[PDB]
Amino acid sequence: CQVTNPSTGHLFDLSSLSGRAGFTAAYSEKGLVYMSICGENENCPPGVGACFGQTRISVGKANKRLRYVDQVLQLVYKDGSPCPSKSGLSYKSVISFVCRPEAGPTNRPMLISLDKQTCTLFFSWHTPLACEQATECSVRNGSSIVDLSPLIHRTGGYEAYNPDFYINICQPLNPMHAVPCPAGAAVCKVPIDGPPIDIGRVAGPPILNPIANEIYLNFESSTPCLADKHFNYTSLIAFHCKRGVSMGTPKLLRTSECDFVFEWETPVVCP
Ligand SMILES: *[C@@H]1O[C@H](CO)[C@@H](O)[C@H](O)[C@H]1NC(C)=O
Ligand SMILES: *[C@@H]1O[C@H](CO)[C@@H](O)[C@H](O)[C@H]1NC(C)=O
C-alpha cells in the first residue's frame, strides 16, 4: 500500500492506514461510509473495500493499486451495485489523499461528491501522509520576514467577493459544504452547470518584488486550458499591505483565456 513520486524519488507509504478494521466517512450526523485503504473492509461484503447503508451497498471492490497523480495520491475502488442512471453501470470510489502538513483535528476520509450518472463517489483524505515539502508560505523582506500563514485557511476555503471562485494559499483547498472543488486544487473556479475547474495548484514559495512593493504567489493547474490545449490554467495573487481591523478577502483582478489574476489586501504584508 505504497507509491513513489517519479520526479524527486520520494516514497509515500499508506500501509500505515491498511487493515480490515478500517475507517468511516460520514454522509450524515450518524450515517457513515465504511472503507479500508488497500484491502477489504470487515464491515462490507468480501472483496468490497468501501460500502454503506443498512444493506452494505458496495461502492467498489478493494485494490491496492495506489496511484500518484499531481501531488495527490489515489485509489480507485471499482465495481459496486448496479446504477439506476446509465443502465449497465456500477458504483465506484475515487479516494484522493491530499497533503495537509498539520496535525489537524479530523484525520479521516471525507465524501466530497457523487457523480450520479456515472455512479462515482469522490472521497478525499487530507493527510500529512501525502506531503513532501513543508508549507512554503513565508518570504524575507529586508530585516523582517512576512509570514502569509495566518491567511492559510485551515478548515475550508476563501470566497472571492456570476461565476464563483474559491481560493486557498500555500495549501490545497479543504473540503467544504456542497462545493465539490477538485482534490488538490489551491484555486478553484466554479461555473453554473459546468463542473468545478482546477485553475491552479500550489506552485511554490511566495515571491517578493521590492521595486513595486508587492508579494506574489503563483499557482499552476494540472488541467489543460480551454482555448489552447497546450497551456495550463494559471493563477496569480498580488499581496498588498493594508492596515485594517481585519484581513481582506482576495478579490479577482482580471482574466485572460487561460490566466487568472487576483489581488489580496491584507494587513499581513505590513512592516
Ligand atoms: C518590506 O519592508 C519595507 C521596509 O519596512 C517596506 O517598505 C515594504 O513595504 C515591505 N514590504 C514589501 C512588499 O516590500
Ligand atoms: C501542465 O500540467 C501538466 C500536468 O500536471 C504538466 O505535465 C505540464 O508540464 C504543465 N505545463 C505544460 C508544459 O503544459
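Just so it is clear, chain A uses Swiss-Prot numbers, and the residues here are 1516-1676, 1687-1796, in order.
Every residue gets a Cβ built from N, Cα and C, even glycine.
Within the same chain, the residues at least 6 positions away from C1516 (disulfide bond) whose Cβ sits under 8 Å from its Cβ are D1528, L1529, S1530, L1532, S1533, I1552, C1553, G1554, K1579, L1581, listed in sequence order. Per Swiss-Prot, the feature disulfide bond maps to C1516-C1553 (among others).
DSSP assigns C1559 (disulfide bond) to coil, not to a helix or a strand. The disulfide bond annotation in Swiss-Prot covers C1559-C1566 (among others), and the record cites experimental evidence as its basis.
DSSP assigns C1634 (disulfide bond) to coil, not to a helix or a strand. Long-range C-beta contacts of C1634 (disulfide bond), restricted to its own chain and to partners at least six residues apart, with a cutoff below 8 Å, comprise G1595, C1598, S1600, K1601, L1604, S1605, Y1606, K1607. Under the heading disulfide bond, Swiss-Prot lists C1598-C1634 (among others), citing experimental evidence as support.
The Cβ of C1646 (disulfide bond) lies under 8 Å from the Cβ of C1614, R1615, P1616, each of these being in the same chain and 6 or more residues away along the sequence. Look at Swiss-Prot and you will find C1614-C1646 (among others) tagged as disulfide bond.
Among the features that Swiss-Prot reports, disulfide bond is placed at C1652-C1695 (among others). In the three-state DSSP assignment, the secondary structure recorded for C1695 (disulfide bond) is coil. Cβ neighbour count for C1695 (disulfide bond) (all protein chains, 10 Å cutoff from its Cβ): 21.
When other Cβ atoms within 10 Å of the Cβ of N1656 (N-linked glycosylation site) are tallied across all protein chains shown, the result is 15. Residues or ranges marked as N-linked glycosylation site in Swiss-Prot (evidence: sequence analysis): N1656 (among others).
Around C1706 (disulfide bond), a 10 Å sphere centred on its CB holds 28 further CB atoms from the protein chains shown. Taken from Swiss-Prot, the feature disulfide bond applies to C1706-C1713 (among others), supported by experimental evidence.
A sphere of 10 angstroms centred on the C-beta of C1750 (disulfide bond) encloses 18 other C-beta atoms. Marked as disulfide bond by Swiss-Prot on the basis of experimental evidence: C1750-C1783 (among others).
What Swiss-Prot records for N1757 (among others) is N-linked glycosylation site, and it gives sequence analysis as the kind of evidence. Sequence-distant contacts (6 or more apart, same chain, Cβ under 8 Å) of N1757 (N-linked glycosylation site) comprise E1745, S1746, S1747, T1748, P1749, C1750, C1783.
With a cut-off of 8 Å between CB atoms and residues at least 6 apart in sequence, the same chain places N1738, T1791, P1792, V1793, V1794, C1795, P1796 near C1766 (disulfide bond), listed in sequence order. As annotated by Swiss-Prot, disulfide bond applies to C1766-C1795 (among others).
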Where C1706 (disulfide bond) and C1559 (disulfide bond) are concerned, what is their Cα separation in Å, rounded?
29
Please work out the number of neighbouring Cβ atoms within 10 Å of the Cβ of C1598 (disulfide bond), leaving out its own Cβ.
16
So which of the disulfide-bonded residues is most packed in, judged by how many other Cβ atoms lie within 10 Å of its Cβ, out of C1652, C1713?
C1713
Rounded to the nearest Å, what's the C-alpha distance separating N1656 (N-linked glycosylation site) and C1695 (disulfide bond)? Just drop the number here, would you?
18
